[PDB]
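Residue numbers (the authors' numbering), protein chains in the order written: chain A, 1099 to 1145, 1157 to 1232; chain B, 1203 to 1232; chain C, 1157 to 1202; chain D, 158 to 207, 212 to 398, 402 to 514, 526 to 566, 607 to 772; chain E, 733 to 772; chain F, 212 to 262; chain G, 30 to 64, 92 to 157.
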Amino acid sequence: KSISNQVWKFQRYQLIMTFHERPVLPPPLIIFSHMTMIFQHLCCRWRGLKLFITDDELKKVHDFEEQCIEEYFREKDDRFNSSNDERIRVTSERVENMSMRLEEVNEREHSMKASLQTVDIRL
Amino acid sequence: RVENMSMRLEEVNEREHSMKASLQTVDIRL
Amino acid sequence: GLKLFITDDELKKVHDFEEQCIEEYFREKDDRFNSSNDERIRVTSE
Amino acid sequence: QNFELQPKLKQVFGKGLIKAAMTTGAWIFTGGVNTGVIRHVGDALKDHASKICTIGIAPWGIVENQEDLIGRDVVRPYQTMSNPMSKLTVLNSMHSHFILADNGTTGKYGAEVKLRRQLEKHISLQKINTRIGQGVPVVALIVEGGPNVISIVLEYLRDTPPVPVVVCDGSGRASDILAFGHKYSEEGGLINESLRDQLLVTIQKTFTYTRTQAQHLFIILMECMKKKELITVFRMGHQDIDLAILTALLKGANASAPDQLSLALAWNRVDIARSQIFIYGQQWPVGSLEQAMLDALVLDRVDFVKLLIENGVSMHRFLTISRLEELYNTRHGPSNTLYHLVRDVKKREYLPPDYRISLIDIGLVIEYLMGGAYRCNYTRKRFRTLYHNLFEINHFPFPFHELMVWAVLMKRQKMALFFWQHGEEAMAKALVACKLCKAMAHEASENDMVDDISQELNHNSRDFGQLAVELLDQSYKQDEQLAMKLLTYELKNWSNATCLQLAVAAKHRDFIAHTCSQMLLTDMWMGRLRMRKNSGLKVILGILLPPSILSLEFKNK
Amino acid sequence: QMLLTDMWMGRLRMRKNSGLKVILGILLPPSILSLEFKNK
Amino acid sequence: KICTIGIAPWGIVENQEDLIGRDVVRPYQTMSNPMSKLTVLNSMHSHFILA
Amino acid sequence: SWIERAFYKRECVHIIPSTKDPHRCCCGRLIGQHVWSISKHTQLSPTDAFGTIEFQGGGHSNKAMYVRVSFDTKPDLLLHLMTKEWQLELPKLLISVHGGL
């Protein structure tokens, strides 16, 4: 029941291609359609879902496919970069850098406050 | 906002380095 | 049938392999705990 | 003397040191007595905690508990009894080896420096087994240090061979002065007057040297800076010191760039090759990039293949029949199930262990796994006469197609994904890869191989089929008619089939459940009729009553 | 499971469609000579 | 699409001999010497004009 | 062939002044590599360097056409060339990117 519709559409392709391959007339009258097939083959010899694209049409089909690959990979990258786990990871790594840089800023500000006190003492 | 924090705190660090250099030069002048 | 009798040196490298597996297992468990979302939110909030 | 550092600076210094040591199998010549940068090395190996030699060169007279170290071939007790007021210093407790330099005295330094330098040089004159550079190579890491650090920097740079020196700044003392000079040195002695005066006054005051010897240490520094091509800096601000160590490794080697890329392939560090090896001015010989491409492909190094393609190999020109045949017969990579499949195929058509797997046999393997009426382009008559007459008429028009097939057959999944991204006819490649991966999964499961092999091959199909489904979704959202044309066009490179038939052979029910294939099937189902509502009943009334056909809605031309 | 499979087939390298070949080996003792045995 | 028509001088470009050729798809790599006065062009501009 | 018969090319044949380094002329080229007219004595020759560039290295391969144009040419020939010989439609914007060299 979870695979029902997918199996049904696969069987749809199977029976559609099969009945496209069949002759026009039913089996009890298929002798007539077989004779028309033989007569058409004798006229041509002794005297469905497969379109054949031209070169330029194939070129723009390939260009369209390459565009679809590029936007698919860009969309996958954007979904990875907007996933919650990646966001928490990059936030935590930048917070690591914050603690490091703010401790350095605090030490530099302590040194600058000592220098300002010494400059005020000199004045 | 954390993006903006990293940008603004890097700018603050560069400005504080310039201010520390200016304070050292002012102490040398005194 | 499924009970091979290892020699002394083979047993020594079997024990060394087992100790390596314990060490990488505990390191992997620590890395999975440190990359869990709850621990990340905890350390970010602290 | 003992100093302090930034915490994560020490952490990434330890991680870079440990990573470089594990990648190169290095011997570490740390001082050994637990004061200063040696204490940072002990914290570095605590991060590793898992070979790696750490041969210390420490003086014998300054060690603590000298009576404990007496004893011939005896496992002596040596505890971590470190008195805070004693002049003697205990050794580092997890160094792998030790050397006690005995000059006869006690509590005096300088008994180990000359022996350590002569032992480093004696190591450097030993010819290595690979011989990629010039014997066994040495790098010199420097953190802090006094004037003796500058003296041994001058001794290292003027040495024959000229061993490179990596300095790590952010620590103060001589290393920060060296890095601040090297930032503004240009051609060594090309330093402006204000920067030179600032360096001299920080030498005299910030590190409290004498001002009379400041000019002497300045011209010693200039003699160091005359060989600036080997001095390498590390600026922290991920990006560990292992990048520096290795760049120093392939910087001082006097080695050619093919051997440099071979060493980078051996270490699997793509970033070192990106930074240093693929640089401007590097004269690659004829076919050296193609040979490095072949070595990267057989070793399953997808990132080096990406880097090489980004630098230009001309993928069309590299892939020949012989190159792909050597690619199929390689064994310097992950294990595959190819040999069993060629054995089964050659048994069914009708094996020595030295069998050269031909491209024809590979093509019959594609015919067996693909199934049905798929005729591989290898087993066609034109390629057979090309193979008979040769074992750009040996190159391939679509090299990424055969590289996709090569990667799928030899279980290189990441390389197959990369080769899926690059090239044309992507959905056909995805569906063919899905069918091939499921077919080797079935062949492995039927012959009862390792269950992990069959499970991972299924997973590979499932991934390739999922790629085909998402590509179909993207093409359907962009342009519907072009998605029709992409689904139902003849693929000359894939045995004149369509994407629908390739999905059908792969039993890909997710592919034909999608709206695009259903529109194509509905459009070919009704044919030239535009019969829209309550069809079937009107079909029956058309069949039974032929005048009812004249009242039907037919489409235009 | 690899250990159990390896001790299950013993010295035989019988790989595809085993069991049927075991039955034909038991009923026809000349069929054993056409079986794939592993090396030492 | 997006044109990126560059207006760069011909005499300052690197590998001037590579740019010679009538209606020929010439090789132009990213050989940028750090000491050369000539500067290589940008490698993904859609068009170019050499003054 | 119409591209070479429309615009112009400039070649440096001159007295080769010494200036600072005598190998470099006023045009800055090598003293033997020769072959505005003020101090450079140029002659207006037909154009020769036009076509397509294959960009290998630095990521993806990109094709970029190029036409060597003299600096003293008419802009209507360039405009007709850009609209006809390059098949580029007229834009709705001209984003100049002037800045520091």
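C-beta: ideal position from N, C-alpha, C; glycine also.
Report buried or exposed for D/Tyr270, applying the criterion of at least 16 other Cβ atoms within 10 angstroms of its Cβ. It is exposed - the Cβ of D/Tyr270 has fewer than 16 other Cβ atoms within 10 Å.
Distance cut-off 7 Å: B/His1219 Cβ against heavy atoms of the ligand PLP: The model on display carries no ligand, and the ligand PLP is accordingly not part of it.
Taking only the alpha-carbon atoms, compute the straight-line gap between G/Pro51 and G/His97 and give it to the nearest angstrom. If you draw a straight line from the Cα of G/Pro51 to the Cα of G/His97, it comes to about 18 Å.
Below 7 Å between beta carbons is the criterion; list the residues of the stretch 473-494 of chain D that meet it against any residue of chain G, in chain order. The residues in question are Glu474, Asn475, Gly476.
If I follow the unbroken beta strand (DSSP E) through D/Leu261, where does it start and stop? Residue range 259-262 is occupied by the beta strand (DSSP E) that includes D/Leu261.
Within 10 Å of its beta-carbon, does D/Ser669 have 16 or more other beta-carbons around it, so buried, or fewer, so exposed? Around the Cβ of D/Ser669, a 10 Å sphere holds 16 or more other Cβ atoms; the residue is buried.
Quick check on G/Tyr122: does DSSP put it in helix, strand or coil? G/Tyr122 falls in the strand class under three-state DSSP.
Touching or not, the stretch 1167-1185 of chain A and the stretch 693-701 of chain D, by the rule of three or more beta carbon pairs under 8 Å? By the Cβ criterion, the stretch 1167-1185 of chain A is in contact with the stretch 693-701 of chain D, since at least three pairs of Cβ atoms, one from each stretch, lie closer than 8 Å.
How far does the alpha helix (DSSP H) with D/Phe379 in it extend, from its first residue to its last? From DSSP, the alpha helix (DSSP H) with D/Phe379 extends over 375-386.
Let me make sure I understand the geometry here. Which of D/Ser486, D/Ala421, D/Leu760 has the alpha-carbon closest to that of D/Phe442? Closest option to D/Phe442, Cα to Cα, is D/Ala421.
Count the other CB atoms, across all protein chains shown, that sit within 10 Å of the CB of D/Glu617; report buried if there are 16 or more and exposed otherwise. With 16 or more other CB atoms across the displayed protein chains lying within 10 angstroms of its CB, D/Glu617 is buried.
Going by beta-carbon coordinates alone, are A/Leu1123 and D/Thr713 separated by less than 8 Å? It is not a contact, given that the beta carbons lie outside the stated cut-off.
Beta-carbon neighbours of G/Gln62, restricted to chain D and to distances below 9 Å: Within 9 Å Cβ-Cβ: nothing; G/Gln62 doesn't reach chain D, min ~22 Å.
The stretch 1207-1227 of chain B: which residues have C-beta closer than 9 Å to a C-beta of chain I, in chain order? Of the protein chains in this structure, namely A, B, C, D, E, F and G, none is chain I.
With a cut-off of 8 Å, does the C-beta of D/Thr703 fall near any C-beta of chain A? When Cβ-Cβ separations below 8 Å define contact, D/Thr703 makes contact with chain A.
Neighbour flag for F/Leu249 against chain G, beta carbons, 8 Å: No, no contact with chain G.
Beta strand (DSSP E) segment containing G/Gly113, residue limits: Premise fails: G/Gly113 is in no beta strand (DSSP E) and is neither H nor E.
So, with DSSP's three-state summary, where would you put D/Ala419? In this structure, D/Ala419 counts as coil in the three-state DSSP scheme.
Could you tell me whether the Cβ of F/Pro245 comes closer than 8 Å to any Cβ of chain D? Cβ-Cβ to chain D under 8 Å: yes for F/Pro245.
Between the C-alpha atoms of D/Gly538 and D/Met619, what's the straight-line distance to the nearest angstrom? If you take the alpha carbons of D/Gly538 and D/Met619, they lie about 14 Å apart.
Run through chain D and tell me which residues come within less than 7 Å of A/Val1204, C-beta to C-beta. Going along chain D, no residue has its Cβ under 7 Å from A/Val1204, so there is no contact; the nearest lies around 12 Å.
Flag this pair as yes or no: are the beta carbons of D/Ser533 and D/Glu489 separated by less than 8 Å? For D/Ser533 and D/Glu489, yes; Cβs fall inside 8 Å.
Any C-beta of chain A under 8 Å from that of C/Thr1163: With 8 Å as the cut-off, C/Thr1163 does not count as an interface residue toward chain A.
When the Cα of D/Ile541 is compared with those of D/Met383, D/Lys650, D/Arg396, which residue comes out closest? It is D/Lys650 whose Cα lies nearest to the Cα of D/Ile541.
Going by CA-CA distance only, name the one from A/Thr1227, A/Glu1184, A/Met1221, A/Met1207 that's closest to B/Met1207. Check the Cα spacing between B/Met1207 and each of A/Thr1227, A/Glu1184, A/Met1221, A/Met1207: the tightest is with A/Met1207.
Please check if any C-beta of chain D sits within less than 8 Å of the C-beta of A/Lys1107. The beta-carbon of A/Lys1107 is placed less than 8 Å from the nearest beta-carbon of chain D.
Test item: CB-CB of D/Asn500 and D/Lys629 under 8 Å: In this structure, D/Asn500 lies away from D/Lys629, with their beta-carbon atoms at least 8 Å apart.
Any contact of the stretch 718-733 of chain D with the stretch 684-695 of chain D, i.e. 3+ C-beta pairs under 8 Å? Yes: the two stretches touch, three or more of their Cβ pairs being nearer than 8 Å.
Proximal residues of chain D, C-beta to C-beta of A/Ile1129 below 7 Å: Neighbours of A/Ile1129 in chain D, taken as residues at a C-beta separation under 7 Å, are lacking, since the least C-beta distance is about 19 Å.
Indicate whether D/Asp200 and D/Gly182 have their beta-carbon atoms separated by less than 8 Å. Not a contact, by the Cβ cut-off of 8 Å.
Please tell me whether D/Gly445 and F/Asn244 are closer than 8 Å, where the distance is taken between their beta carbons. Judged by their CB atoms, D/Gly445 and F/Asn244 are nearer to each other than the 8 Å cut-off.
Note down, one range per segment and in chain order, each alpha helix (DSSP H) of at least 4 residues found wholly within the stretch 1160-1198 of chain A. Fully enclosed alpha helix (DSSP H) runs of 4 or longer: 1164-1190.
Return helix, strand or coil for residue 210 of chain D, following the three-state DSSP convention. It's not possible to place residue 210 of chain D here, given that chain D moves directly from 207 to 212.
Starting from D/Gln447, trace the alpha helix (DSSP H) both ways and give me its first and last residue. Going by DSSP, D/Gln447 is part of no alpha helix (DSSP H) at all; its letter is neither H nor E.
In the stretch 279-314 of chain D, which residue ranges form an unbroken alpha helix (DSSP H) of at least 4 residues, counting only runs that do not cross its ends? At a cut-off of 4 residues, not a single continuous stretch assigned as alpha helix (DSSP H) sits fully inside the stretch 279-314 of chain D.
Who are the near neighbours of E/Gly742 in its chain, counting only those whose CB is closer than 8 Å to its CB and skipping five residues on each side? Result list for E/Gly742: empty, nothing under 8 Å.
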